[PDB]
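Structure first, then comments.
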Amino acid sequence: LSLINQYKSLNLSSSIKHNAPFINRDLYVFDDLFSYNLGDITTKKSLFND
Amino acid sequence: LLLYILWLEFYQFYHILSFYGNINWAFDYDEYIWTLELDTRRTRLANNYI
Amino acid sequence: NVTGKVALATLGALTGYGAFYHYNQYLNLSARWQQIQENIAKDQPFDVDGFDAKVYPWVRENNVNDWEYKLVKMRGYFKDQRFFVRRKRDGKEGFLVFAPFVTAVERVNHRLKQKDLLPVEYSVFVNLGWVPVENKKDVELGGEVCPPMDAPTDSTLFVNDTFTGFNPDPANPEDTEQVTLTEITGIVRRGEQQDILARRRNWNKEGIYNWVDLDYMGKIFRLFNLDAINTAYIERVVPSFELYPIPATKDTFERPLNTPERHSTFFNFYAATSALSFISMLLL
Amino acid sequence: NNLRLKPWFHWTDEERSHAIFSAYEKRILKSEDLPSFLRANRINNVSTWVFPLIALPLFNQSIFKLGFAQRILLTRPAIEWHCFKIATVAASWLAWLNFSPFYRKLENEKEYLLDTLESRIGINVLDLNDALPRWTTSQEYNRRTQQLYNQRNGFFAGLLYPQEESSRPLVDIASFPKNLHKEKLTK
Amino acid sequence: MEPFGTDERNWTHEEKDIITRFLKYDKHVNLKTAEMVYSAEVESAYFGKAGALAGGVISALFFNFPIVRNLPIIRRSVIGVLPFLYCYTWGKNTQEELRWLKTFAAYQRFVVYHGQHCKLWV
Amino acid sequence: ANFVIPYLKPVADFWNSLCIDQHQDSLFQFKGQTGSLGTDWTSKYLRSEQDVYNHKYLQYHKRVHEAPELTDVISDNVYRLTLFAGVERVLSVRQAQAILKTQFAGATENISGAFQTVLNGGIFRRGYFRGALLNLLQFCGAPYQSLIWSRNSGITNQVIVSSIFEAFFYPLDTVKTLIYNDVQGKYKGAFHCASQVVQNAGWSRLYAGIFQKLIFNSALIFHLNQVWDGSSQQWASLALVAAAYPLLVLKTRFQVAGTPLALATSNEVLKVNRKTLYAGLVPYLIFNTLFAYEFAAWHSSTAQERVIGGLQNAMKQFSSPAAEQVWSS
């Protein structure tokens, strides 16, 4: 009875992408904009900030 | 009318005699179960005399 | 004479209406069953992950008819207790086996060192399969329904999930937060109701169960989300091949009580009764 | 061994019949163990309410034509003759009830069922006994067992009466919560 | 906390309901006080239904009483429903009284717990 | 304990089931935990006190969306069928009273007269509860099947389906009306009355006022739909039902006309005094306003919104009135 209209949206990702103050993440320039020597990356590595 | 007075007096008398056994519910957070605990009572002596 | 004619006419009218109703229900049920079979043969399970694994889509929107017989996939750990409901599969007596399935865990203790609080577990009932009456003693307590899910290859996935609260870490430094996740696929089905004339009646005190009473099953197992348990349950469906319980497949999942065969039998009975009543009325 | 006292060595016939009935009702005894005992039970009933009939003409041919009986018939009022006949038939009926071959067979069948129970649940067979109602009889408990057999092993099983196959949940009784606490009341 | 005296206003229905829902759900309330209010709610609910049902049965019997059964329909109906009204009122009043007495005991326990009564200290 | 309690105890159990909250009591029966928090007595009590309105919502949801069940509809309209089933007979007698000879046997031409005519026979099969089983059968037949075949339908489709089913089941209505109005108890049952009517007047005499019943049922369905929505047109619908009530009166008079139960033959039904056209208007309106038909299947979007909004508003009480507005929560 309490769940009838309590949860309108479930995707945080869409709201983040359409409202966060960051440049669009689908740009094609992010592929070869800068050059780095990353060695060998055989595992999914994630970058952390600050 | 005497039957009515008898019921009223018995009700009060039963309450008074029911005072002297302190029966309470105690929660056991470790077992998540309530238990019925029996104890004595302390009160002003004038109450006992009356 | 005249009373007999009146009784025959009334009986014929009632039985003809019953036959017509059962025929229309048979047509509707056959069409819906064809749609259900096509949808199941499509074989695109809906992944119940994240928030959907805490409060389920058929509970949140309260649309189990839109989610009935519907392929879903969810991961969690089964609880030890098993529930048996008397049922016949392929014309032989047996038991449907139900197990609790914890799809989300919530921890609400902030005095972690002082207090070891029990977690709030969100669970749904999963029909593991069907076991014959001979082999009911072969169902083991806390058995392995499905092999445990493989560990993810992303090092950032080894933390407690935001919504489900599960840590997919085989070697978790937090011993009290160590969970083993098994991933099942099944079909969402609704719960059953009592029908004494259908011989689906359960004596809870004696332990005899004939229909799926999700309310009682949730209460007896001391589960938490009783409403989200009563709404529906997931019947486990193995991909192609089906030791005890024997899981359902794409072609042998447990049939509902209302079937086109049942309605056809009722239609035949009522049509025969109406025809006999009219013949007797004509004779009289 | 005939020197080992069985757990039911002191039970009465009503207690034995109630133990069998409770074992069958609690699904400890299957319907495959009853058909012999039940049969004997029925014979015992026929052995009780037919004997005076069988004993009525036989005495008229054997005992009531003797010298003492004829003396009573000829030298005493007809009411005393009726009293003598009824007393003799009732004494014979009581002796038959105490010492009947079919009663012995019924007791043997009940003993076999109790032995099966002890082989199944061990010393916990003593847990099948209770404080029975005063006026409920061994025959009444046997009739209740027969009624339960008819209900389970017949039509309407699963419609009006619980089935013989149990569907109790599979739990660990060592850890599963219980209704009664050891000493206190719980809510 | 409440004003005391003859001239003071008695607890109104809204005040009683607000205090009950305060004691049931609010923090700053020990588990014992909330349990007292919960036990008040559980046990009191029997009496309203019991009074209504007993009144219904007694009124069904009274509608056919030796003198009532021979009255005109208006008088017969009024006299027949009188027992139902009396017993329904008894049930409702008993439920309210039991629930509110236990709730007020819980309120006194809360007030003493937080020292919110002058001339009361350990 | 051996001879009386085995019979007295079930009555007390039934009394408690009618009195004690069954869902809450059953919830309290399973005391303990099996690895989850919130299965203690306090949490169970809290969810049970929140489960009353949730259970009401679930029952309404089952009535609206799922296929209707006879037991649910009967329990939804239990007072019309069980306790006040004799008021239907009283209203029928009042409608047919103008030609029913009841004025010549200890009764007047008013609602008290109809009540006394019904209640003179007794409180049972010959009296207040005469035709009650026939009334229950008629309710199971026409309105329940109409609900089954038009579950979520507009008012026009409701009227169409209801008219079809009332036409199909009308002879039962005629038999019930004739059984309502035999003060001397000439008919021993429904089959006997139908047989007498067919033998003495033919099969076509069981459809005396079918068209009047259909038109009045259309008006009543419109009024019920306006009542369920809670619209301001409830008074306009009441006026429409008051205007259409003479159709119901004429239906009853045509049904009882040719039989020996009445003074007037069918051709004389339209010759009755015009002032008697609204025979039982006020009692009928009062009875329907108090115990109207509750067909939750036929509830429109507005009615569903009203009921569910009422439940949701009733669910707002489960919070502390003195709750601090905290910066971090």
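We did not get these values from a lab; they are worked out from the coordinates using the rules stated. Heads up, the Cβs are rebuilt from the backbone with ideal geometry, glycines too, and the neighbour counts pull from every protein chain shown.
On the given criteria, is residue E:16 in a helix (DSSP H, G or I) and of a type outside the set (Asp, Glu)?
Values: in a helix (DSSP H, G or I): yes; of a type outside the set (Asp, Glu): yes.
So residue E:16 fits the description; yes.
Criterion first (among the polar types (S, T, N, Q), more than 15 Å from the chain's Cα centre (by Cα) and more than 14 Å from chain D (Cβ to nearest Cβ)) does residue C:180 satisfy it? Outline the logic, then answer.
Working: among the polar types (S, T, N, Q): yes; more than 15 Å from the chain's Cα centre (by Cα): yes; more than 14 Å from chain D (Cβ to nearest Cβ): yes.
Here the answer is yes, as residue C:180 does meet what is asked.
Scan region F:199-256 residue by residue and report those that are in a helix (DSSP H, G or I) and either of a type in the set (D, E, K, R) or within 14 Å of another protein chain (Cβ to nearest Cβ) (or both).
Hits for region F:199-256 are F:199, F:200, F:201, F:203, F:204, F:205, F:206, F:213, F:229, F:251, F:253.
Could you please give the count of residues in region F:308-329 that are closer than 20 Å to residue F:54 by Cα, surrounded by fewer than 13 Cβ atoms within 10 Å (Cβ to Cβ), polar (S, T, N, Q) and within 14 Å of chain E (Cβ to nearest Cβ)?
1
Output the residues belonging to region C:216-275 that are assigned to a helix (DSSP H, G or I), small (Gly, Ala, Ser) and crowded, with 17+ Cβ neighbours inside 10 Å. Walk me through how you get there before you give the answer.
Going through region C:216-275, the residues assigned to a helix (DSSP H, G or I) turn out to be C:216-220, C:226-230, C:260-275.
Add one more test, that the residue is small (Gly, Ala, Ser), and what stays is C:218, C:228, C:264, C:271-272, C:274-275.
Once the filter is applied, which keeps residues that are assigned to a helix (DSSP H, G or I), small (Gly, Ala, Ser) and crowded, with 17+ Cβ neighbours inside 10 Å, region C:216-275 yields C:218, C:228, C:271, C:274.
Just for region B:1-40: of the residues that are surrounded by 10 or more Cβ atoms within 10 Å (Cβ to Cβ) and in a loop (DSSP other than H, G, I, E, B), which one is farthest from the other protein chains (Cβ to nearest Cβ)?
B:20
If only one of D:152, D:143 is in contact with a strand residue (DSSP E or B) (Cβ under 7 Å, 6 or more places away or on another chain) and among the charged types (D, E, K, R), which one is it?
D:152
From (1) of a type outside the set (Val, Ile, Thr); (2) more than 24 Å from residue A:4 (Cα to Cα); (3) surrounded by 13 or more Cβ atoms within 10 Å (Cβ to Cβ), pick out the condition that doesn't hold for residue F:46.
(2)
Among the residues of region C:165-215, what is the count of those that are more than 20 Å from residue C:130 (Cα to Cα) and in a loop (DSSP other than H, G, I, E, B)?
Summing the residues that are more than 20 Å from residue C:130 (Cα to Cα) and in a loop (DSSP other than H, G, I, E, B) in region C:165-215 gives 18.
Only residues that are touching an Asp or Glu at 6+ places or on another chain (Cβ under 7 Å) and surrounded by 14 or more Cβ atoms within 10 Å (Cβ to Cβ): list them for region D:138-187, please.
Of the residues in region D:138-187, the ones touching an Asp or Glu at 6+ places or on another chain (Cβ under 7 Å) are D:138, D:141, D:148, D:152, D:162, D:172.
Residues satisfying the conditions are D:138, D:141, D:148, D:152, D:162.
What are the residues in region C:57-71 that are in a loop (DSSP other than H, G, I, E, B) and among the charged types (D, E, K, R), if any?
First, pick out the residues of region C:57-71 that are in a loop (DSSP other than H, G, I, E, B): C:61-69.
Passing the criteria: C:61, C:66, C:68.
Looking only at region C:18-56, which residues are within 11 Å of another protein chain (Cβ to nearest Cβ), in contact with a helix residue (DSSP H, G or I) (Cβ under 7 Å, 6 or more places away or on another chain) and in a helix (DSSP H, G or I)?
C:18, C:25
Right, residue F:287: within 22 Å of the chain's Cα centre (by Cα) and under 23 Å from residue F:102 (Cβ atoms) or not? Please lay out each step first, then the result.
On the way: within 22 Å of the chain's Cα centre (by Cα): yes; under 23 Å from residue F:102 (Cβ atoms): yes.
Considered against the rule, which asks whether it is within 22 Å of the chain's Cα centre (by Cα) and under 23 Å from residue F:102 (Cβ atoms), residue F:287 comes out as yes.
Could you identify the single residue in F:127, F:122, F:113 that is touching a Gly at 6+ places or on another chain (Cβ under 7 Å) and within 13 Å of another protein chain (Cβ to nearest Cβ)?
Working: F:122 fails: touching a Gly at 6+ places or on another chain (Cβ under 7 Å); F:113 fails: touching a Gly at 6+ places or on another chain (Cβ under 7 Å).
Criteria check complete, one pass: F:127.
Would you mind stating whether residue D:121 is farther than 24 Å from residue D:36 by Cα and of a type in the set (A, V, I, L, M)? Walk me through it before giving the result.
Details: farther than 24 Å from residue D:36 by Cα: no; of a type in the set (A, V, I, L, M): yes.
No, not satisfied.
Just to be sure I understand the filter: pairs with C-beta atoms under 6 Å, separated by 6 or more residues or on different chains, first member in region E:41-52 and within 9 Å of another protein chain (Cβ to nearest Cβ), second member of a type in the set (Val, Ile, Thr). Which pairs pass?
Between residues of region E:41-52 that are within 9 Å of another protein chain (Cβ to nearest Cβ) and residues that are of a type in the set (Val, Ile, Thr), the close pairs are E:46/F:20; E:47/E:94.
Any residue that is part of a loop (DSSP other than H, G, I, E, B) and away from every other protein chain (no Cβ under 14 Å) - is there at least one of those in region F:297-307? Talk me through it step by step, then tell me what you get.
In the first step, residues of region F:297-307 are kept if they are part of a loop (DSSP other than H, G, I, E, B); the result is F:299-300.
From what's left, away from every other protein chain (no Cβ under 14 Å): F:299-300.
Yes: region F:297-307 contains one or more residues that are part of a loop (DSSP other than H, G, I, E, B) and away from every other protein chain (no Cβ under 14 Å).
Name the helices (runs of 4 or more DSSP H) wholly inside region D:7-126 in which the number of residues that are under 21 Å from the mean Cα position of the chain (by Cα) and surrounded by 15 or more Cβ atoms within 10 Å (Cβ to Cβ) is 1 or more. Spell out the reasoning first.
Working: elements: D:13-25, D:34-49, D:51-62, D:67-75, D:78-98, D:101-121.
Filter on region D:7-126 gives D:13-25, D:34-49, D:51-62, D:78-98, D:101-121.
Please determine whether any residue of region F:48-67 is under 20 Å from residue F:295 (Cβ atoms), within 14 Å of chain C (Cβ to nearest Cβ) and touching a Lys or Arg at 6+ places or on another chain (Cβ under 8 Å).
Looking for residues that are under 20 Å from residue F:295 (Cβ atoms), within 14 Å of chain C (Cβ to nearest Cβ) and touching a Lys or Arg at 6+ places or on another chain (Cβ under 8 Å), one finds at least one in region F:48-67, hence yes.
Within region A:1-16, restricting attention to residues that are surrounded by 11 or more Cβ atoms within 10 Å (Cβ to Cβ) and within 14 Å of chain F (Cβ to nearest Cβ), which residue is farthest from residue F:48 (Cα to Cα)?
So, considering only residues that are surrounded by 11 or more Cβ atoms within 10 Å (Cβ to Cβ) and within 14 Å of chain F (Cβ to nearest Cβ), the one farthest from residue F:48 (Cα to Cα) is A:4.
Could you check, for region F:8-15, whether at least one of its residues is more than 14 Å from chain D (Cβ to nearest Cβ) and surrounded by 14 or more Cβ atoms within 10 Å (Cβ to Cβ)? Outline the logic, then answer.
In the first step, residues of region F:8-15 are kept if they are more than 14 Å from chain D (Cβ to nearest Cβ); the result is F:8-15.
Keeping just the survivors that are surrounded by 14 or more Cβ atoms within 10 Å (Cβ to Cβ) gives F:15.
Within region F:8-15, one or more residues are more than 14 Å from chain D (Cβ to nearest Cβ) and surrounded by 14 or more Cβ atoms within 10 Å (Cβ to Cβ).
Write out, first by first residue and then by second, each pair whose Cβ atoms fall under 8 Å of each other, whose residues are 6+ apart or on separate chains, and whose first residue, in region F:240-261, is more than 15 Å from residue F:180 (Cβ to Cβ) while the second is crowded, with 23+ Cβ neighbours inside 10 Å and basic (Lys, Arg).
Every condition considered, the pairs that remain are F:247/F:213.
Determine if region E:74-92 includes at least one residue that is under 30 Å from residue F:323 (Cβ atoms) and facing chain F (nearest Cβ under 10 Å).
No, region E:74-92 contains no residue that is under 30 Å from residue F:323 (Cβ atoms) and facing chain F (nearest Cβ under 10 Å).
For (1) buried (at least 20 other Cβ atoms within 10 Å of the Cβ); (2) more than 9 Å from every other protein chain (Cβ to nearest Cβ); (3) touching a helix residue (DSSP H, G or I) at 6+ places or on another chain (Cβ under 7 Å), each residue gets a yes or a no:
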{"residue": "C:74", "(1), (2), (3)": "yes, yes, yes"}
{"residue": "C:96", "(1), (2), (3)": "yes, yes, no"}
{"residue": "C:99", "(1), (2), (3)": "yes, yes, no"}
{"residue": "C:112", "(1), (2), (3)": "no, yes, no"}
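Every residue in region E:1-39 that is out of contact with any helix residue (DSSP H, G or I) (no Cβ under 7 Å at 6 or more places or on another chain) and away from chain F (no Cβ under 12 Å), please.
If the condition is that a residue be out of contact with any helix residue (DSSP H, G or I) (no Cβ under 7 Å at 6 or more places or on another chain) and away from chain F (no Cβ under 12 Å), then E:2, E:3, E:4, E:5, E:6, E:7, E:8, E:9, E:10, E:11, E:12, E:13 are the ones that fit.
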